[PDB]
Every structure is written in structure tokens, then in C-alpha cells.
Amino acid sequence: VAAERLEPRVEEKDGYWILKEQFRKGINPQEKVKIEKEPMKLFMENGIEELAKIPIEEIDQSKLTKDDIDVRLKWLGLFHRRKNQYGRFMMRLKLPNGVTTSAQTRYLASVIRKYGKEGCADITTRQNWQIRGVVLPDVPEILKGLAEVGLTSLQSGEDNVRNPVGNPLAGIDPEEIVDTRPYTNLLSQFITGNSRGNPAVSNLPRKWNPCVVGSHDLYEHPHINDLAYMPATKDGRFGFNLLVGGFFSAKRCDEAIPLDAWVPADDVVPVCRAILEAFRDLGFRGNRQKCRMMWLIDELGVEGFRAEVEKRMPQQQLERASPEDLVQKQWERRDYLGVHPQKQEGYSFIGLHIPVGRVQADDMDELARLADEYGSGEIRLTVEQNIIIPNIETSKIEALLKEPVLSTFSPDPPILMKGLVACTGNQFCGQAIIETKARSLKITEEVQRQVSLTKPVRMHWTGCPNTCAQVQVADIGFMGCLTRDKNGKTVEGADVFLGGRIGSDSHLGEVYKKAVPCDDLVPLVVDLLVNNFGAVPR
């Protein structure tokens, strides 16, 4: 790699970071959008106030404003559902470590309630909230309301650092390695500039996913993050070994690889900054399918990339990885659904199943009520799109288990439901090839009617090759496609994946059978479970 390849391609200009003139040749259409107008201006210079006043039909008549709503608004966490819910916006938060409060939950509920049939909310595969139904004129007020309850929606989509994932049992688990909340909080604050916006990290070549590990279970999926902090002692000091470049895409899925770097715990933010600066400064900005950070690491080599991180550290020092980390390879992933004792004597947490992560306003209020009456007003989200309510005096559990809402959001659903994960799909998502959420529930119900099992088989449904529901990590994965029935009629189908493993012995699954009509999946899955996962016909 030439010395010329290492010239930073972006520069700071009037508080924002923009591509230098000599590096603008051959860039993708989105890079052109960012040059035409800095997206962060919609928030940091309050451009949203005037934009929100223009009728959507008028907005669509000019490239600048259409790009504002379809692209730049993702820097404010707003996602125009152009194809499938025209004129309405999904809104996505920053929610480090998946931690929410009852007050925040009620606020989100009140927003979606306004929108009636156009409104609902979802827990995401990054343990985050999305709300739906938002109309542009309401955005300024919603931004204020979020701030009032201690939430931000900043930099949650497009070419930004995504939600910092942590241990859902952080601070409450007798078996945790390190409480991940301080670190994920620091990361979120750094990324969003304490909810004011951070332009230093908002002009990346592509999305970028971070996680901090604190569990032997590896609930945080470090193997599929752009940056994963693996807890490790080095020379008697506590810190993190660093894995880099994990990602999924339609074209390519890759697990994270060692940077061969360890940082002390206090350097979590400095090294995040250094890595992001290296990616921002040096990443390819052509074909969007070749813009994820792993492509830069392949181009420079891991050592070449490492040197670029090193030069961006304070005092330009970056220690080599510690030979061992603190994560025990001998470990069975623990079920968190149901009632479990906390490390705080006399307290329990309860994991509740949220069917396919979907909730209505009334449901959110009920969950917020439970958290107040039984817990400490805290609700935690998980990457399987479930919830945990921590800090419940164990003496209250008997009463809790009799609560009517627990028949819907159960602490002990059937085993296949415990492991079921599904993306948005075509109810709202314009990229979706099939409907996912309703279908996956229906199929899973029918399958479980036919077989019993003891192995916690994990089934993931994703609506298109973007694989937001991570089918490559599943025991059985379903990727949306269109296919043909016996008569040659177009029907929704799934490509079926097998081989995904999570935890320390991770592995990426692959397509096993293409183009199965969704209507034919039940018998296929029943047989797979009996033949490969020890299931027994009922």
C-alpha cells in the first residue's frame, strides 16, 4: 500500500467533515447527497424546523428536499416509509445497552397512540426501540419530547455509528464479567456529542456497529460487530481486546477479526474515536456494497489498518492483544426468560417474551406500569426482541405472575417462541420481499403444535438479503424471496439457512434449501427439528 493511499480523504470545514475536492471522483450517489448538504445541519442548525412546514407533495418536487426526507433525516433517526407507508416515518433511538425507563416508555407510547392504525412500536435486533406513524409536521415537537425524557434519536441510521449493544444482564447478573452500561453509555454520548450531535463521526463511508461484551454468554454478538470490546486482563490490568470488521450484507458476511490490540478500560472512547477516524479518513466511497469497514481492513491488511488506528491514539500508543481474555469458552448460553435471582440479595429479574418484538401503545403502558409497580421503573430490551424487568423484590414475584398481561407477554412461552427473531418485513419496510412478523408467528405456532423439544432452537426470519434479522446466526434461518407454486404462480417464499452458532464457538450459517414456498415451510421445519435437533412428534 502506497503512502498516498494513507492521505486522509475528508477535512473539517465549518464544524462538519466533508470529502476533500480531489477525492470526490467516482463516489456513490449517497456521498453526493452528503456533499450537496451536510445532514447534521437538519439538527445542529435546526433545518428541521422549516423543512417540517413543507407539504410532502411539495418536498417530493425538488431533489434537495426529497433527499432531506429520504436520506438526510436518518441522521435524526427518521426513516421515510416511502413505498409502504407514504408520508410516515419510522423513528429509531440511541438506547445504549437496551436500557429504558417507564417514563420513556410512556412517552413513546403517547407518540404512537396519536397515529392510530398507522402507529405501533418494535424492539430491534440491536436491543433498541423503533416507533412508527410519525408525520413530518410533528417532528420538532417529538425531538423536544424525547430530549425532555432523556432520549436521543441522533445518528441511528445511514452512515453513522449504530446502537451500542451490551449485556442485557449488566449490573444484575451474578455471573457477569464486567457491567457494560458505563461503557455503552460513554460510547453513545461520544457518538451523539452528548445528544447535541457529533459531526466528527457522522460522515462515515457506511454504517458501523459497536458492542461491549460483559457476559460469558456473549449475548452481545461480538463476532458480527464492526468493533467489539472483549474483556481481558493484560499485565495485571483490566481492559478490552479488540475485534474489528464483523458485518452482514447481501453480498458478503464476515466475522470480526482480532485487531491484535488491547486497551485499558479508560481508553474505550479514545480507541473508538481512533478506529472511526481511520475509517472516516481512509474508507472507499464507491460501490455501496464495498464500503463497510472490513473492506478497508482487507485493502490495507489488518496490520496496515492497525497502524492507522495507532497513529490516532493519544500519545500514538496501542498495546498488542492480551493472550487470553476473560470470556470462558466453557459456557452454556443461559435462558433469560422467566424469573431469575439478581446478584443483589432479595431481588429478581423477569424476562418477558414479546412475540416478534411488536407492541401497541396500550401494551407499552402496561409494561411501564409493571416496571413501576414491581421493579425500579426500568425496562431492558434484548437483541431477541424481548424485555427484562429488573430490580423486583423477590417477595413480589407471586403477585407478578398473576398479572393478566403476562398471558400475552409470557415469562415462559413455548421453547420455539423463546428463540424466534423476525425483522420488520413488508408491513413497513420498502426493501422487504415478504411479510415476516405475522407469518413467522403463524408458522412457529403450527410447528410447535406438531413437535416437542428440549433444545432451545433459534429461528430467525428476515425479509430480504440485508439480513437485519441475522439469519446467518440462526439454528434455522428464513430469508425472504419470491418463488413459484406447483402451478407456476408467484408466491412468497424463504431460502432456508442452517449452521449458525452463537457464543464463543460462533459460526456463520449458509443456505441449505432455496426458494421454499412459505405455505410449504411447516412440514420442512417439523422434519428438520426431528431429524437435526432432537424434536419429538406429539
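Heads up: residue numbers just count along the shown sequence, starting at 1.
- Note on 294 to 302 vs 214 to 222: mean CA B-factor is higher in 294 to 302.
- When 183 to 191 is weighed against 395 to 403, 395 to 403 comes out higher, by mean CA B-factor as recorded in the entry.
- Of the candidates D372, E175, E435, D260, the PDB record gives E175 the highest C-alpha temperature factor.
- Placement of the Cα temperature factor of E332 within the chain: highest third of the modelled residues, per the deposited record.
- In this PDB entry, the Cα temperature factor of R72 sits in the middle third of its chain's modelled residues.
- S249: CA B factor in the middle third of modelled residues in this chain (values from the PDB entry).
- Split the chain's modelled residues into thirds by C-alpha temperature factor. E45 is in the highest one.
- The deposited CA B-factor of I379 belongs to the middle third of values across its chain.
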